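**Q** My structure is stored as structure.tsv, with TSV, C-alpha atoms and all ligand atoms.
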chain	number	residue	atom	x	y	z
A	4	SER	CA	-46.10	-26.69	14.02
A	5	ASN	CA	-47.52	-23.51	12.33
A	6	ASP	CA	-45.79	-21.00	10.09
A	7	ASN	CA	-46.10	-17.34	11.18
A	8	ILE	CA	-45.31	-14.37	8.92
A	9	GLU	CA	-45.01	-11.04	10.73
A	10	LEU	CA	-47.25	-8.16	9.73
A	11	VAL	CA	-46.06	-4.57	9.81
A	12	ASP	CA	-48.43	-1.64	10.04
A	13	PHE	CA	-47.95	1.21	7.46
A	14	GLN	CA	-49.36	4.53	8.72
A	15	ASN	CA	-52.16	2.83	10.74
A	16	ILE	CA	-54.22	2.23	7.59
A	17	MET	CA	-52.46	-0.71	5.83
A	18	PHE	CA	-50.31	-3.63	6.85
A	19	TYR	CA	-47.81	-5.71	4.89
A	20	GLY	CA	-45.84	-8.91	5.14
A	21	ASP	CA	-42.77	-10.20	3.44
A	22	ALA	CA	-42.19	-13.25	1.31
A	23	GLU	CA	-39.63	-14.49	-1.21
A	24	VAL	CA	-39.65	-15.57	-4.85
A	25	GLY	CA	-36.78	-17.47	-6.46
A	26	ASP	CA	-34.18	-19.94	-5.17
A	27	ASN	CA	-31.86	-16.95	-4.65
A	28	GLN	CA	-34.51	-15.73	-2.19
A	29	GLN	CA	-35.41	-12.39	-3.75
A	30	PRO	CA	-37.25	-10.35	-1.01
A	31	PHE	CA	-40.64	-8.60	-1.52
A	32	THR	CA	-43.23	-6.77	0.55
A	33	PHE	CA	-46.84	-7.83	-0.06
A	34	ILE	CA	-50.30	-6.65	0.60
A	35	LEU	CA	-51.95	-9.88	1.81
A	36	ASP	CA	-55.40	-9.91	0.29
A	37	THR	CA	-58.08	-12.43	1.13
A	38	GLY	CA	-60.23	-10.95	-1.65
A	39	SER	CA	-58.04	-12.02	-4.57
A	40	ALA	CA	-56.34	-15.23	-5.64
A	41	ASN	CA	-53.17	-14.42	-7.55
A	42	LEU	CA	-49.67	-13.57	-6.48
A	43	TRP	CA	-47.71	-10.91	-8.33
A	44	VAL	CA	-44.34	-9.21	-8.13
A	45	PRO	CA	-42.93	-6.37	-10.24
A	46	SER	CA	-40.29	-7.52	-12.77
A	47	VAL	CA	-36.83	-6.20	-13.61
A	48	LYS	CA	-38.55	-5.97	-17.06
A	49	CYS	CA	-41.06	-3.38	-15.68
A	50	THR	CA	-41.19	-0.29	-17.90
A	51	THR	CA	-43.12	2.05	-15.62
A	52	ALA	CA	-42.32	4.73	-13.09
A	53	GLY	CA	-43.97	2.95	-10.19
A	54	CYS	CA	-41.37	0.17	-10.28
A	55	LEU	CA	-38.48	2.62	-9.68
A	56	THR	CA	-38.50	2.27	-5.85
A	57	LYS	CA	-39.63	-1.37	-5.64
A	58	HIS	CA	-37.92	-4.70	-5.05
A	59	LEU	CA	-37.99	-6.26	-8.50
A	60	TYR	CA	-38.00	-9.92	-9.56
A	61	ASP	CA	-35.16	-11.19	-11.73
A	62	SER	CA	-35.98	-14.62	-13.14
A	63	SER	CA	-32.48	-14.88	-14.67
A	64	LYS	CA	-30.96	-15.15	-11.16
A	65	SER	CA	-33.24	-17.98	-10.00
A	66	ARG	CA	-32.32	-21.55	-11.00
A	67	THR	CA	-35.88	-22.70	-10.09
A	68	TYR	CA	-37.56	-20.24	-12.48
A	69	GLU	CA	-39.76	-21.96	-15.09
A	70	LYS	CA	-40.82	-19.84	-18.05
A	71	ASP	CA	-44.53	-19.51	-18.90
A	72	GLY	CA	-45.01	-16.09	-20.56
A	73	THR	CA	-48.81	-16.24	-20.95
A	74	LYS	CA	-49.95	-12.62	-20.95
A	75	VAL	CA	-52.24	-11.49	-18.17
A	76	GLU	CA	-53.90	-8.39	-16.73
A	77	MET	CA	-55.06	-8.27	-13.06
A	78	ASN	CA	-58.03	-5.90	-12.64
A	79	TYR	CA	-58.53	-4.58	-9.11
A	80	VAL	CA	-61.07	-2.03	-7.95
A	81	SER	CA	-58.15	0.34	-7.27
A	82	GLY	CA	-56.54	-0.31	-10.69
A	83	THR	CA	-54.88	-2.70	-13.08
A	84	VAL	CA	-51.45	-4.30	-13.41
A	85	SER	CA	-50.27	-6.33	-16.37
A	86	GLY	CA	-47.54	-8.73	-17.21
A	87	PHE	CA	-47.17	-12.45	-17.75
A	88	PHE	CA	-47.15	-15.71	-15.86
A	89	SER	CA	-43.98	-17.18	-14.45
A	90	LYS	CA	-43.29	-20.10	-12.16
A	91	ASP	CA	-40.77	-20.18	-9.36
A	92	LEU	CA	-40.28	-21.27	-5.77
A	93	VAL	CA	-42.30	-19.02	-3.41
A	94	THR	CA	-41.32	-18.98	0.26
A	95	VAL	CA	-43.73	-17.81	2.97
A	96	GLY	CA	-42.27	-17.85	6.48
A	97	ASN	CA	-40.31	-21.12	6.53
A	98	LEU	CA	-42.47	-22.89	3.94
A	99	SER	CA	-41.70	-23.16	0.22
A	100	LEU	CA	-43.46	-24.46	-2.88
A	101	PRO	CA	-43.19	-24.12	-6.69
A	102	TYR	CA	-45.87	-21.61	-7.55
A	103	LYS	CA	-47.39	-19.86	-10.54
A	104	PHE	CA	-47.51	-16.08	-10.23
A	105	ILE	CA	-47.63	-12.95	-12.39
A	106	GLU	CA	-44.50	-11.07	-13.34
A	107	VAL	CA	-45.72	-7.47	-13.60
A	108	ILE	CA	-44.25	-5.17	-16.26
A	109	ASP	CA	-46.79	-2.27	-16.31
A	110	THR	CA	-48.18	-0.63	-13.14
A	111	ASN	CA	-49.40	2.68	-14.62
A	112	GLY	CA	-53.01	1.52	-14.32
A	113	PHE	CA	-52.44	1.06	-10.54
A	114	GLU	CA	-51.43	4.66	-9.75
A	115	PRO	CA	-51.46	6.53	-7.52
A	116	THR	CA	-51.90	3.57	-5.10
A	117	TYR	CA	-48.68	1.84	-6.20
A	118	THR	CA	-46.19	4.76	-5.98
A	119	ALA	CA	-47.75	6.14	-2.74
A	120	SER	CA	-47.46	2.84	-0.81
A	121	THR	CA	-44.34	0.80	0.14
A	122	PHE	CA	-45.52	-2.65	-1.00
A	123	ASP	CA	-44.03	-4.43	-4.02
A	124	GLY	CA	-46.80	-6.89	-4.87
A	125	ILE	CA	-50.05	-8.53	-3.82
A	126	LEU	CA	-50.36	-12.01	-2.41
A	127	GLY	CA	-53.86	-13.36	-2.79
A	128	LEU	CA	-55.41	-15.55	-0.09
A	129	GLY	CA	-58.67	-16.26	-1.87
A	130	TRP	CA	-60.35	-19.22	-3.49
A	131	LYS	CA	-59.07	-21.05	-6.57
A	132	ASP	CA	-61.99	-20.26	-8.89
A	133	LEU	CA	-61.47	-16.54	-8.27
A	134	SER	CA	-57.87	-16.79	-9.60
A	135	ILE	CA	-56.72	-16.15	-13.13
A	136	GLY	CA	-54.96	-19.24	-14.53
A	137	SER	CA	-56.59	-21.75	-12.15
A	138	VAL	CA	-53.91	-21.39	-9.48
A	139	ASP	CA	-54.44	-23.47	-6.34
A	140	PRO	CA	-54.29	-21.24	-3.25
A	141	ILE	CA	-50.93	-21.27	-1.43
A	142	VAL	CA	-52.46	-22.56	1.82
A	143	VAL	CA	-54.49	-25.30	0.07
A	144	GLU	CA	-51.39	-26.37	-1.83
A	145	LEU	CA	-49.25	-26.38	1.33
A	146	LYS	CA	-51.80	-28.62	3.07
A	147	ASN	CA	-51.92	-30.96	0.03
A	148	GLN	CA	-48.11	-31.32	0.24
A	149	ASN	CA	-48.46	-32.04	4.00
A	150	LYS	CA	-46.34	-29.05	4.91
A	151	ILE	CA	-49.05	-27.78	7.32
A	152	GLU	CA	-51.64	-29.32	9.64
A	153	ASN	CA	-54.84	-27.67	8.24
A	154	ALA	CA	-55.81	-25.70	5.09
A	155	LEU	CA	-56.49	-22.55	7.04
A	156	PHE	CA	-54.84	-19.27	7.89
A	157	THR	CA	-55.42	-16.61	10.53
A	158	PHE	CA	-54.96	-12.85	10.78
A	159	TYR	CA	-53.95	-11.11	13.99
A	160	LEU	CA	-53.49	-7.58	12.71
A	161	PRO	CA	-50.87	-5.15	14.00
A	162	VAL	CA	-51.98	-2.16	16.08
A	163	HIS	CA	-50.00	1.06	15.44
A	164	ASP	CA	-47.80	1.93	18.47
A	165	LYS	CA	-48.92	-1.20	20.40
A	166	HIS	CA	-47.99	-4.53	18.78
A	167	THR	CA	-46.87	-6.33	15.63
A	168	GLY	CA	-49.23	-8.70	13.75
A	169	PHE	CA	-49.14	-12.22	12.28
A	170	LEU	CA	-50.49	-14.11	9.34
A	171	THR	CA	-50.42	-17.66	10.65
A	172	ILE	CA	-50.65	-20.59	8.24
A	173	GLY	CA	-51.77	-24.08	9.18
A	174	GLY	CA	-53.45	-23.73	12.57
A	175	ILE	CA	-55.22	-21.58	15.15
A	176	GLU	CA	-53.18	-20.20	18.03
A	177	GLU	CA	-54.92	-19.37	21.32
A	178	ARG	CA	-52.40	-16.59	22.02
A	179	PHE	CA	-54.09	-14.34	19.41
A	180	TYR	CA	-57.62	-14.14	20.88
A	181	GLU	CA	-59.74	-13.97	24.01
A	182	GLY	CA	-63.27	-15.18	24.61
A	183	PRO	CA	-65.11	-17.52	22.22
A	184	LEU	CA	-64.16	-18.21	18.62
A	185	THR	CA	-67.32	-18.41	16.51
A	186	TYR	CA	-67.41	-20.07	13.06
A	187	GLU	CA	-69.61	-18.50	10.37
A	188	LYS	CA	-70.30	-20.64	7.34
A	189	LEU	CA	-69.42	-19.16	3.93
A	190	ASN	CA	-72.52	-18.28	1.87
A	191	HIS	CA	-70.65	-18.34	-1.43
A	192	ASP	CA	-68.36	-20.79	-3.26
A	193	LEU	CA	-65.47	-18.38	-3.89
A	194	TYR	CA	-65.51	-15.41	-1.52
A	195	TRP	CA	-64.84	-15.19	2.17
A	196	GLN	CA	-68.42	-14.01	2.52
A	197	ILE	CA	-70.84	-14.76	5.33
A	198	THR	CA	-74.44	-13.85	6.15
A	199	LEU	CA	-75.03	-11.48	9.03
A	200	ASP	CA	-77.82	-9.15	10.05
A	201	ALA	CA	-76.39	-5.62	10.08
A	202	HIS	CA	-77.62	-3.00	12.61
A	203	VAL	CA	-76.48	0.62	12.90
A	204	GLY	CA	-78.73	2.36	15.42
A	205	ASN	CA	-82.28	2.36	14.03
A	206	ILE	CA	-81.18	1.16	10.58
A	207	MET	CA	-80.85	-2.52	9.75
A	208	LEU	CA	-80.33	-4.88	6.83
A	209	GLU	CA	-81.42	-8.47	7.37
A	210	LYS	CA	-79.13	-11.30	6.22
A	211	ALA	CA	-76.60	-9.00	4.51
A	212	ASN	CA	-73.60	-10.40	2.61
A	213	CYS	CA	-70.46	-9.59	4.65
A	214	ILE	CA	-67.07	-10.06	3.04
A	215	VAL	CA	-64.14	-10.26	5.39
A	216	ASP	CA	-61.41	-8.66	3.32
A	217	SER	CA	-57.83	-8.12	4.51
A	218	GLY	CA	-56.87	-5.80	1.59
A	219	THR	CA	-59.61	-3.22	2.09
A	220	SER	CA	-58.73	-0.45	4.59
A	221	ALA	CA	-62.33	0.54	5.25
A	222	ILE	CA	-65.73	-0.74	6.18
A	223	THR	CA	-67.92	-0.55	3.08
A	224	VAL	CA	-71.65	-0.06	3.48
A	225	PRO	CA	-74.53	-0.06	0.91
A	226	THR	CA	-74.98	3.55	-0.25
A	227	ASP	CA	-78.61	3.93	0.75
A	228	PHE	CA	-77.78	2.46	4.18
A	229	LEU	CA	-74.87	4.89	4.51
A	230	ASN	CA	-77.05	7.82	3.43
A	231	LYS	CA	-79.51	6.98	6.24
A	232	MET	CA	-76.69	6.61	8.79
A	233	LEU	CA	-75.19	9.96	7.94
A	234	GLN	CA	-78.44	11.92	8.03
A	235	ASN	CA	-78.18	14.54	10.83
A	236	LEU	CA	-74.87	12.98	12.05
A	237	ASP	CA	-72.92	16.29	11.77
A	238	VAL	CA	-70.25	14.84	9.46
A	239	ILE	CA	-69.03	16.56	6.27
A	240	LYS	CA	-67.99	14.96	2.98
A	241	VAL	CA	-64.50	15.72	1.70
A	242	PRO	CA	-64.75	17.51	-1.68
A	243	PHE	CA	-64.16	15.09	-4.58
A	244	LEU	CA	-63.55	12.01	-2.41
A	245	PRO	CA	-65.90	9.44	-0.89
A	246	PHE	CA	-64.86	10.16	2.73
A	247	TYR	CA	-66.56	11.94	5.60
A	248	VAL	CA	-64.96	13.98	8.33
A	249	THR	CA	-66.19	14.47	11.88
A	250	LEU	CA	-65.22	15.87	15.23
A	251	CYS	CA	-63.56	12.85	16.89
A	252	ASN	CA	-65.82	12.95	19.95
A	253	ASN	CA	-69.09	13.35	17.98
A	254	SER	CA	-71.53	11.45	20.32
A	255	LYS	CA	-73.90	10.71	17.47
A	256	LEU	CA	-71.38	8.29	15.82
A	257	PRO	CA	-73.03	4.88	15.90
A	258	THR	CA	-71.79	1.38	16.65
A	259	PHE	CA	-72.08	-1.27	13.94
A	260	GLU	CA	-73.60	-4.50	15.20
A	261	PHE	CA	-73.48	-7.63	13.07
A	262	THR	CA	-75.36	-10.75	14.23
A	263	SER	CA	-75.77	-14.42	13.31
A	264	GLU	CA	-77.53	-17.24	15.16
A	265	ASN	CA	-73.97	-18.04	16.43
A	266	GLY	CA	-72.42	-14.69	17.34
A	267	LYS	CA	-72.50	-10.95	17.73
A	268	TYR	CA	-69.76	-8.63	16.48
A	269	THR	CA	-69.60	-4.89	17.11
A	270	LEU	CA	-67.62	-2.04	15.67
A	271	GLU	CA	-67.52	1.10	17.81
A	272	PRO	CA	-66.33	4.50	16.53
A	273	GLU	CA	-62.86	4.09	18.08
A	274	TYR	CA	-62.30	1.25	15.53
A	275	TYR	CA	-63.45	3.15	12.45
A	276	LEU	CA	-62.16	6.69	13.14
A	277	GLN	CA	-58.81	7.89	11.78
A	278	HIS	CA	-57.31	10.99	13.47
A	279	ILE	CA	-56.34	13.78	11.04
A	280	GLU	CA	-54.97	16.38	13.56
A	281	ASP	CA	-52.66	17.77	10.81
A	282	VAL	CA	-55.80	18.68	8.76
A	283	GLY	CA	-57.27	20.18	11.97
A	284	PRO	CA	-57.53	19.89	15.80
A	285	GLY	CA	-59.98	17.21	17.03
A	286	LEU	CA	-60.90	16.10	13.46
A	287	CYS	CA	-61.26	12.48	12.35
A	288	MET	CA	-62.06	10.76	9.07
A	289	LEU	CA	-64.52	7.87	9.05
A	290	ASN	CA	-63.02	4.71	7.53
A	291	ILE	CA	-66.37	3.95	5.98
A	292	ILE	CA	-67.33	4.19	2.31
A	293	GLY	CA	-70.55	3.71	0.39
A	294	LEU	CA	-70.48	0.90	-2.15
A	295	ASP	CA	-73.25	-0.95	-3.90
A	296	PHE	CA	-72.88	-4.56	-4.88
A	297	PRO	CA	-75.61	-6.27	-6.90
A	298	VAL	CA	-76.75	-7.88	-3.60
A	299	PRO	CA	-76.57	-5.64	-0.48
A	300	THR	CA	-73.11	-6.19	0.90
A	301	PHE	CA	-70.70	-4.87	3.55
A	302	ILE	CA	-66.95	-5.28	3.32
A	303	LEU	CA	-65.61	-5.97	6.78
A	304	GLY	CA	-62.15	-4.74	6.07
A	305	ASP	CA	-59.10	-3.85	8.03
A	306	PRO	CA	-61.00	-1.84	10.75
A	307	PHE	CA	-63.07	-4.93	11.54
A	308	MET	CA	-59.99	-7.15	11.53
A	309	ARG	CA	-58.05	-4.87	13.88
A	310	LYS	CA	-60.67	-5.62	16.54
A	311	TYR	CA	-61.40	-9.23	15.61
A	312	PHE	CA	-58.96	-12.06	15.13
A	313	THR	CA	-60.06	-14.00	12.05
A	314	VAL	CA	-59.62	-17.55	10.82
A	315	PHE	CA	-60.04	-18.39	7.14
A	316	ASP	CA	-60.73	-22.08	6.87
A	317	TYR	CA	-60.79	-23.67	3.41
A	318	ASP	CA	-61.52	-27.21	4.64
A	319	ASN	CA	-64.58	-26.16	6.70
A	320	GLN	CA	-65.68	-23.36	4.35
A	321	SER	CA	-65.98	-20.88	7.17
A	322	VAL	CA	-64.64	-17.73	8.74
A	323	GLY	CA	-63.87	-17.90	12.43
A	324	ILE	CA	-64.20	-14.67	14.42
A	325	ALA	CA	-62.92	-13.81	17.94
A	326	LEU	CA	-61.92	-10.74	19.89
A	327	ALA	CA	-58.20	-10.15	19.24
A	328	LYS	CA	-55.99	-9.96	22.39
A	329	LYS	CA	-54.94	-6.33	22.86
A	330	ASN	CA	-51.31	-7.48	23.39
A	331	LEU	CA	-49.18	-10.57	22.90
B	401	LIG	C1	-60.96	-11.12	-7.59
B	401	LIG	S1	-59.66	-10.03	-8.08
B	401	LIG	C2	-59.71	-8.54	-7.17
B	401	LIG	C3	-61.05	-7.87	-7.24
B	401	LIG	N1	-61.32	-7.48	-8.59
B	401	LIG	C4	-62.64	-6.97	-8.92
B	401	LIG	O1	-63.46	-6.89	-8.05
B	401	LIG	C5	-62.92	-6.55	-10.41
B	401	LIG	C6	-63.32	-5.05	-10.50
B	401	LIG	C7	-62.36	-4.01	-11.11
B	401	LIG	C8	-62.72	-2.73	-11.20
B	401	LIG	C9	-64.11	-2.27	-10.68
B	401	LIG	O2	-64.49	-0.91	-10.76
B	401	LIG	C10	-64.94	-3.16	-10.16
B	401	LIG	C11	-64.52	-4.65	-10.06
B	401	LIG	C12	-60.78	-6.72	-6.28
B	401	LIG	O3	-60.19	-5.74	-6.62
B	401	LIG	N2	-61.13	-7.00	-4.88
B	401	LIG	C13	-60.79	-6.08	-3.82
B	401	LIG	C14	-61.82	-6.10	-2.68
B	401	LIG	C15	-63.07	-5.27	-3.15
B	401	LIG	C16	-63.97	-5.86	-3.91
B	401	LIG	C17	-65.21	-5.07	-4.37
B	401	LIG	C18	-65.36	-3.80	-4.01
B	401	LIG	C19	-64.32	-3.12	-3.14
B	401	LIG	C20	-63.24	-3.81	-2.73
B	401	LIG	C21	-59.41	-6.66	-3.38
B	401	LIG	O4	-59.52	-7.87	-2.73
B	401	LIG	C22	-58.71	-5.64	-2.45
B	401	LIG	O5	-58.73	-5.73	-1.26
B	401	LIG	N3	-58.04	-4.50	-3.10
B	401	LIG	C23	-57.88	-4.26	-4.57
B	401	LIG	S2	-56.12	-3.83	-4.69
B	401	LIG	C24	-55.87	-3.61	-2.88
B	401	LIG	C25	-55.23	-4.89	-2.31
B	401	LIG	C26	-54.99	-2.36	-2.63
B	401	LIG	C27	-57.31	-3.49	-2.35
B	401	LIG	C28	-57.91	-2.07	-2.45
B	401	LIG	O6	-58.27	-1.60	-3.47
B	401	LIG	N4	-57.93	-1.29	-1.23
B	401	LIG	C29	-58.36	0.01	-1.23
B	401	LIG	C30	-60.02	0.04	-1.01
B	401	LIG	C31	-61.10	-0.62	-1.45
B	401	LIG	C32	-62.29	-0.39	-1.11
B	401	LIG	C33	-62.77	0.52	-0.22
B	401	LIG	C34	-61.73	1.38	0.42
B	401	LIG	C35	-60.20	1.10	-0.02
B	401	LIG	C36	-58.90	1.54	0.23
B	401	LIG	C37	-57.86	0.72	-0.02
B	401	LIG	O7	-57.65	-0.27	1.10
Would you kindly transcribe this structure into structure tokens?

**A**
Amino acid sequence: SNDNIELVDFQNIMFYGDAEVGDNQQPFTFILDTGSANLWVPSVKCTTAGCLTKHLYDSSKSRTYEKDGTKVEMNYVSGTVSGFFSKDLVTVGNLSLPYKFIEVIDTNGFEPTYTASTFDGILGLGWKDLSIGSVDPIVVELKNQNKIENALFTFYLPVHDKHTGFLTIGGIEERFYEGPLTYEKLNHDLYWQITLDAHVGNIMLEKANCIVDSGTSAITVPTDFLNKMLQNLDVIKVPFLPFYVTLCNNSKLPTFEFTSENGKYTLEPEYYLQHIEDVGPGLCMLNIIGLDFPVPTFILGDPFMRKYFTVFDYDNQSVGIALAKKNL
């Protein structure tokens, strides 16, 4: 019944999945990003160094290509790509639909991220009004065409050296989680954002905005909240970068607890530490960065999602959260 695209871990920090553009089935690797709402692929017309090692899109070889050519720039927090709109058949798992996407010709504003990673493009899994060009989300559009049961998708993330992951479209599969699945209502029209009380030891923020974001390989915390957490924690900031290093077994490292009237979600140090033995013996980096939004906000990124199976439900305007099964 449901369509299941396999997720591959890349250096236990990112994960990617593959999909196709064109009726000649041109293959691409995507970051799958719940926090954005446009699809893009690098073009054969790309003029920049970053495209050299990528799978490139050739509209001339697809009979289902429809020209648009409207110029567009996608601005991410990690950089900018530019190009123009094109329309073609997009295939995700076994499902296809004609889809508007961005043909990228300049990726120099997205370095060094682009050249250092093995993805080709980004496939947005956000809300329509967050898109450029008023593009209906893939999953919404697939439901509207009755190709899937429900306008929802789920993430069961891969775990480095343990199991593969899945982006599942159309339904919720019991095989991905254990214990209860708790639904948290979205608190915003166009982000996968929910309200949770956030506790880290003695520090807490009542009714914080929490964005569940598949494209962010960190937990982000308000900067003042982070500053309090790190006080007398025996961690050291990396020169010039917003990351902190610690002895891996530092017993002061706290557990994040997020609560709603419905549920309680925790994130222990094992889920947010990254070993860096090559930099030194028994050293870890915290996958936590300080970021201020206009309203106090946490991004519950990839470290959160490695622990917790997540359901993104457009029809019920909610995020479902459950403990991910350790193995399939
Ligand atoms: C609507 S369209 C995209 C939107 N535009 C904007 O907000 C407009 C904007 C542009 C520039 C700016 O100064 C501020 C604003 C954007 O970018 N939303 C992002 C989510 C986001 C949003 C706000 C804060 C943090 C992150 C997006 O969903 C996303 O996940 N991204 C952007 S590409 C990406 C898929 C590689 C990933 C990313 O960067 N990851 C790195 C990251 C990020 C943060 C911490 C550690 C690390 C490590 C890496 O994992």

**Q** Which residues are near ligand LIG 401 (chain B) in this structure, taking near to mean any atom at most 9 Å from a ligand atom and counting all atoms listed in the file? Format them as a ChimeraX atom specification.

**A** /A:16-17,34-41,77-83,113,116-117,125-127,129,133-135,194,214,216-223,290-296,302,304-305

**Q** To one decimal in Å, tell me the separation between CA of residue 315 (chain A) and CA of residue 141 (chain A).

**A**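 Straight-line distance from CA of residue 315 (chain A) to CA of residue 141 (chain A) works out to 12.8 Å.
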
**Q** Could you pull the residues within 6 Å of region 169-184 of chain A, counting all atoms listed in the file, minus those fewer than 2 positions along the same chain, as a compact mmCIF listing (two decimals) with C-alpha atoms, in the frame of the given file?

**A**
# COMPACT_ATOMS: atom_id res chain seq x y z
CA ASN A 5 -47.52 -23.51 12.33
CA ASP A 6 -45.79 -21.00 10.09
CA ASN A 7 -46.10 -17.34 11.18
CA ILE A 8 -45.31 -14.37 8.92
CA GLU A 9 -45.01 -11.04 10.73
CA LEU A 10 -47.25 -8.16 9.73
CA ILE A 151 -49.05 -27.78 7.32
CA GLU A 152 -51.64 -29.32 9.64
CA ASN A 153 -54.84 -27.67 8.24
CA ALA A 154 -55.81 -25.70 5.09
CA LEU A 155 -56.49 -22.55 7.04
CA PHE A 156 -54.84 -19.27 7.89
CA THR A 157 -55.42 -16.61 10.53
CA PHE A 158 -54.96 -12.85 10.78
CA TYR A 159 -53.95 -11.11 13.99
CA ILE A 324 -64.20 -14.67 14.42
CA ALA A 325 -62.92 -13.81 17.94
CA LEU A 326 -61.92 -10.74 19.89
CA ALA A 327 -58.20 -10.15 19.24
CA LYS A 328 -55.99 -9.96 22.39

**Q** Report as a ChimeraX atom specification all protein, DNA and RNA residues lying within 9 Å of residue 211 (chain A), evaluated on all atoms listed in the file, omitting residues in the same chain fewer than 3 positions from it.

**A** /A:197-201,208,298-301

**Q** Can you pull out every residue within 12 Å of residue 27 (chain A), counting only C-alpha atoms, but drop anything in the same chain fewer than 6 positions away, and send it as number ranges by chain?

**A** A: 60-68, 91-94

**Q** Could you tell me how far CA of residue 186 (chain A) lies from CA of residue 322 (chain A), in Å and to one decimal?

**A** 5.6 Å

**Q** Figure out the distance between CA of residue 122 (chain A) and CA of residue 28 (chain A), please, to one decimal in Å.

**A**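 Taking CA of residue 28 (chain A) and CA of residue 122 (chain A), their separation equals 17.1 Å.
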
**Q** A:303, A:48, A:215, A:4: which is nearest residue 149 (chain A), counting all atoms listed in the file?

**A**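 The shortest atom-to-atom distance to residue 149 (chain A) comes from A:4.
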
**Q** I'd like to know which of A:139, A:132, A:273, A:316 is closest to residue 104 (chain A), using all atoms listed in the file.

**A**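 Under the stated criterion, the closest residue is A:139.
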
**Q** Hey, what's within 7 Å of region 267-271 of chain A if we count only C-alpha atoms and toss same-chain stuff fewer than 3 positions away? As a list in words, please?

**A** residues 257, 258, 259, 260, 261, 262, 263, 274 and 307 of chain A

**Q** Hey, which of A:240, A:207, A:192, A:280 ends up closest to residue 227 (chain A)? Count only C-alpha atoms.

**A**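 Of all the options, A:207 lies closest to residue 227 (chain A).
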
**Q** Could you check which of A:86, A:297, A:30, A:53 is closest to residue 105 (chain A), using all atoms listed in the file?

**A**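 For residue 105 (chain A), the nearest of the candidates is A:86.
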
**Q** Go through A:29, A:50, A:109, A:102 one by one, measure the shortest atom-to-atom distance of each to residue 75 (chain A) using only C-alpha atoms, and give the residue with the smallest value.

**A**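 Looking at the shortest contact to residue 75 (chain A), the residue is A:109.
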
**Q** Neighbouring residues of residue 52 (chain A) were defined as those with any atom within 9 Å, considering all atoms listed in the file; residues of the same chain fewer than 4 positions away were excluded. Please report them as a PyMOL selection string.

**A** chain A and resi 56+109-111+118

**Q** Write a file of the just-selected residues containing C-alpha atoms, as a compact mmCIF listing (two decimals), in the coordinates of the input.

**A**
# COMPACT_ATOMS: atom_id res chain seq x y z
CA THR A 56 -38.50 2.27 -5.85
CA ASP A 109 -46.79 -2.27 -16.31
CA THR A 110 -48.18 -0.63 -13.14
CA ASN A 111 -49.40 2.68 -14.62
CA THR A 118 -46.19 4.76 -5.98

**Q** Pick from A:96, A:70, A:12, A:123: nearest to residue 58 (chain A), with all atoms listed in the file counted?

**A** A:123
